[PDB]
Each structure stands twice: as structure tokens, then as C-alpha cells.
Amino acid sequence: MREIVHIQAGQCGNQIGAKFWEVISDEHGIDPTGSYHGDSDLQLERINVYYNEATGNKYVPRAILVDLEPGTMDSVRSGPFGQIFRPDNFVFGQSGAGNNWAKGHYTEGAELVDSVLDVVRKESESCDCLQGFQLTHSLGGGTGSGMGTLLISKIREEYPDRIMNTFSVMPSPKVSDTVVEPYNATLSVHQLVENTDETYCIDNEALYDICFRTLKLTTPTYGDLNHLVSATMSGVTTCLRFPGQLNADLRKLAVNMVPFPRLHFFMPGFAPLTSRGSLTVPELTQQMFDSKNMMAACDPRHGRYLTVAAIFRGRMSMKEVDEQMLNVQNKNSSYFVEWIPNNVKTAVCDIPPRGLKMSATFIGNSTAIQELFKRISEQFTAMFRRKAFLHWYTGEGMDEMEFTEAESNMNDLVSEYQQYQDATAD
């Protein structure tokens, strides 16, 4: 368990993927040219997880960049760390998917997928012990959604014993008011249930609400939303990248977080929430569990926690952490399933992220995430009942029954969450 191969697909996937690499590069001392420029050897012990070390002592992201639209390309390279990526790892088509899952999964994307896997093979063969894969993408579009799930399928076929991990951005009318996004998202969730081991649900509805209502940003931009995504992505990968008491890896996270194969959709949270330019251990702890701090638009107090992983970053009393985490478990013991004993695990890292001296990251497998899938299901159903814009999909070869199967599978997922929400030890 060492190398993670990173894939970013579509506009959203490449956008939040680029910000991810900017953040962890800073945390690890890698500058935009690939040279190390830090002041601590802890920044380098586990650097091989995300970086290939080239000749010249130059560190290069093990990152593959994919999009059916060439436009996203020039945007990445012109970015701050745009030149740090392996130029050969850009695999970009000519015609976008037009927000059409079917074009991404079956036509445009299928023509380009073989070229993408050629690059995944190369990266994978250059690993000592490949942990698995980490994909960033949105579910509301056509490339990240349609071709992203196609890529997940092919990769699971070639590397069946490796962990598949995704950061999946869910659509919201509050951000992109394009009405086919529930189609694209339901068709993808259908794919993620079967082919991923762990999925971080990053909800644009939650990201907007945080910026708008909590941070008082009157008109959130994608940069505002992505500032919260990059912080969440850095927090949840901290223990893969920094050496701690635990030799954490993707499989150990999946084994202890996923009690049932299909329920692998995690609700991430982060404290403190901050704007792009701007705290005690008990404050950190209560905020971490606060619904206001969740990156999925669901209330955890409307469900039950199956498993929880917390990550504290900064210089702070580990014992104070231990006593706050125990406190939150006993006062609110009704929200943690009693049939999974000791289902909350804590880790503390000494290195905090940029701009903050103390921070806490939350990763919950809560039954409350069914509120997210229900919201998408209701929008899917409202559109599907009136058959709006379906020829765009069947015109690319899909069957109407592919829509009913996806909707049926997503509603089954909801029912499974509700089943374990009401289950008792008795």
C-alpha cells in the first residue's frame, strides 16, 4: 500500500483536481516546477503516495487528466501548478459531451477511454505497491459522469483487487440550473454503488448553502465552492500523506468504514469553515459534527452514524481530543448504531493546513445521506415522469429501461439506509 493513481475527468473533476494538487503540494513543500522547497522531513516520508520522483529530484503528480472538451486543458496548464503535470498524462478529446451522460458513457467517451487506460497502465506499472485509484468528477455533467463511470468500470475490470475511491460532486439547482443533471447523476450513482469501494459525497447544494448562509457570500463562485472542496480533500487524505501512529491506507479505511458493500457513500465535514481570505478542541469537535459543517446537504441528526473517522490537525492536547470525542459519543449515543461497538475512530496529525493552526476533518457513514439520494431521486422522477429530453439519451443508443433500472437501484439504496437506521440490537 503506497502509490495512489489520481484521475480527474470533466470540467468539475479537473477543476477541483487541480486545486487538490495545489493544496497538498503546498503542504508537502513541492513548488510549481516539481522541486522540494520545504523545512520538514515529515513532508517527504509518505510523498511517494501521490508523487512520482523523477530525475532531478523533481516530484511529479501521479495524476491523469481527462476531458472530452479541449477547453479545460489550457485552463489547467495556465494554472499555478499547471506545468507540474506529466504532459503525456493529458488525454483530451475534441467534442465535449454536452452535459449528456450517454455521450460520455457510450459514444464520445468510449472512443477516448482506450487512450485513457493506456495512460493508467503506464502509471500503474511504475508503482511498487499500488493502493488503488482516486477519481475526481461531477455527476451532473456528461464527461465526469458518463465517461468517469465508464472509466471506473474498465479500471475495476483490469485492477479488480485495488481500491476504487471517488470524490463525486452532486448537482444542485442552486449552482447549475440545468434540468438534465438529475438524469446524469442517477445514472452515475447506479454505477458508483456497484463499482466503487469508497465515495466522498461532495454536495454542491451544501457547498452553496455554506458560502451563502454561513460565510455570507452573496454570490458564491466555483472558486468559493472549490475552496471548501480542496480543504475537505486535504483533510480526508491527511493520513495517507503524513506518517502518523497509523499506517493508514485506502483498504484499511474501507474495511472499517463500510459495513455493507453498497453503503460506501461518506458524508465529509470540516471545521472551521472559512472564506478564501480571513479555535478550541471542544469547539472543533462540536463544529465537526454540526450539520452546518457537512459537505453533504443532509442533517446527521435525522439518521444514525454507522461509522465515523475524525482527523485533528495541529498542535493540541491529544488527551483533550480523546475526552471531547468520548463526550460527543455519550451525550448523543442515540445517533450511533449500538450494533457497531466503538465505531468512532480518531487520528491526530501534527501538520496543519495552510492558513490555520488547528483544524478537524470528519468522515461519516451516516444513514442520513439518504436525504441526498432522495433529493436527486425526486428531481429525476419529476423529469422522467414527463419524459423530458429523453431522445438526447436514446438518440445515443440507451434504452428507456436503463433509466428505470438506475432509479430503481437508487431508491433501493435509500431503503437500505432506512433499514439500518431503524434496526436495533435487541
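Throughout, we count residues from 1 along the sequence that is shown. Heads up, when I say rigid core I mean the largest set of C-alphas that superpose within 1.5 Å between the two forms.
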Of the stretches 322-330 and 241-249, which sits farther from where it is here in 8 other deposited structures of this protein, on average over its Cα atoms, after fitting the core? 241-249
Between 139-147 and 176-184, which one shows the bigger average Cα displacement from this form in 8 other deposited structures of this protein once the rigid core is aligned? 176-184
At least a third of the other entries leave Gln134 unmodelled: no
Gap at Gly277 across at least one third of the other PDB entries: yes
Can you count, per the entry, how many deposited residues between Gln94 and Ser95 come without coordinates? Answer none, 1 to 3, 4 to 9, or 10 or more. none
Averaging C-alpha B-factors over each stretch, which comes out higher, 60-68 or 368-376? 60-68
Between 386-394 and 33-41, name whichever shows the higher mean Cα B factor according to the PDB entry. 33-41
Per the deposited entry, the peak Cα B-factor within the set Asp290, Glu205, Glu198, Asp88 goes to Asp88
Looking only at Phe242, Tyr222, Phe212, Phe265, the Cα with the top B-factor belongs to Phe242
Based on the entry's values, in what third of the chain does the Cα temperature factor of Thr55 lie: lowest, middle or highest? highest
Of the three thirds of the chain ranked by Cα temperature factor, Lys103 occupies the middle
Select lowest, middle or highest to describe the third in which the CA B-factor of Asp128 falls within its chain in this entry. highest
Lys319's Cα B-factor: lowest, middle or highest third of the chain? highest
Could you say whether, by C-alpha temperature factor, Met358 belongs to the lowest, middle or highest third of its chain? highest
